[PDB]
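Taking it in order: structure first as structure tokens, then the write-up.
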């Protein structure tokens, strides 16, 4: 299992504009298009992103190209953020996958707000960090995905997805 398969499980694949759990306009594999209410603003962002007139619809190929870009951007973001990179460097390969997942979902800024949890991960206090991470809007809003990530940080194995 690798980062791509993991995220594919968490976000799903949709070839037509859709609304996310938050109600925002998304396409493909969790690619946020705009927090704007206008489907029109969304279609415009979408054509800008693909370089063609899509009329709200993209092929698999296109969806995958977006996905490659976004995972790349997530990793580079971690590597550019001081707080984030310190954590990342301290972690094993599976746990690193879990941090990437959070970054892809909630952006750099968002994750960097998890001060206390990040400190605990750095200290390798797995159980404790797992319990703190669950005390978030994130967990209350998308509990099943959040639990899958949390277990990944807790155990350091792919168990939560070995199911899926």
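Residue numbers (the deposited numbering): 1 to 164.
We put the beta carbon where it would ideally sit given N, CA and C, even for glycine.
>> Going by DSSP, what residue range makes up the alpha helix (DSSP H) through residue 139?
In response: Taken as a continuous stretch (DSSP letters only), the alpha helix (DSSP H) holding residue 139 covers 137-141.
> From this set, 45, 117, 31 and 89, which residue's C-alpha is nearest residue 73's C-alpha?
Replying inline: It is 31.
>> Can you look up residue 27 in the DSSP assignment and give me helix, strand or coil?
In response: Residue state for residue 27 is assigned as strand, using DSSP reduced to three classes.
>> Is the separation between the beta-carbon of residue 58 and that of residue 13 shorter than 7 angstroms?
In response: In this structure, residue 13 does not lie closer than 7 angstroms to residue 58 by Cβ.
>> According to DSSP, residue 13 sits in a beta bridge with which residue or residues?
In response: Its beta-bridge partners do not exist; DSSP assigns none.
>> Could you tell me the alpha carbon to alpha carbon distance between residue 104 and residue 125, rounded to whole angstroms?
In response: Each residue's Cα considered, the two are about 23 angstroms apart.
> What runs of the alpha helix (DSSP H), each 4 residues or longer, lie entirely inside the region 39-78?
Replying inline: Complete alpha helix (DSSP H) runs here, min 4: 39-50.
>> Contact defined as beta carbons within less than 8 angstroms: I believe residue 94 pairs with residue 102. What is the distance between those atoms, to the nearest angstrom?
In response: In fact, because the Cβ distance is near 14 angstroms, the residues do not count as touching under 8 angstroms.
> Taking one C-beta from the region 50-66 and one from the region 111-122 each time, how about it: are there three or more such pairs within less than 8 angstroms?
Replying inline: With a cut-off of 8 angstroms, the region 111-122 and the region 50-66 do not count as touching, because too few Cβ pairs lie within range.
>> Let me confirm a value: residue 21 is counted as buried when at least 16 other C-beta atoms fall within 10 Å, else exposed. Which label applies?
In response: When all chains shown are included, residue 21 counts as exposed.
> Where do the N-terminal and C-terminal ends of the alpha helix (DSSP H) with residue 108 fall, by residue?
Replying inline: Note, residue 108: alpha helix (DSSP H), 93-112.
> Buried or exposed: which applies to residue 162, given that a residue is buried once 16 or more other Cβ atoms fall within 10 Å of its Cβ?
Replying inline: When all chains shown are included, residue 162 counts as exposed.
> Who are the near neighbours of residue 4 in its chain, counting only those whose CB is closer than 8 angstroms to its CB and skipping five residues on each side?
Replying inline: Excluding sequence neighbours, residue 4 sits near 67 and 71.
>> Just to confirm before moving on: does the CB-CB distance between residue 146 and residue 138 stay below 7 angstroms?
In response: For residue 146 and residue 138, yes; Cβs fall inside 7 angstroms.
> Residues bridged to residue 88 by DSSP?
Replying inline: Bridge partners of residue 88: none, in fact.
>> Counting C-beta neighbours from all protein chains within 10 Å, is the total for residue 117 16 or more, i.e. buried, or is it exposed?
In response: Note on residue 117: 16 or more other CB atoms within 10 angstroms of its CB, so buried under the neighbour-count rule.
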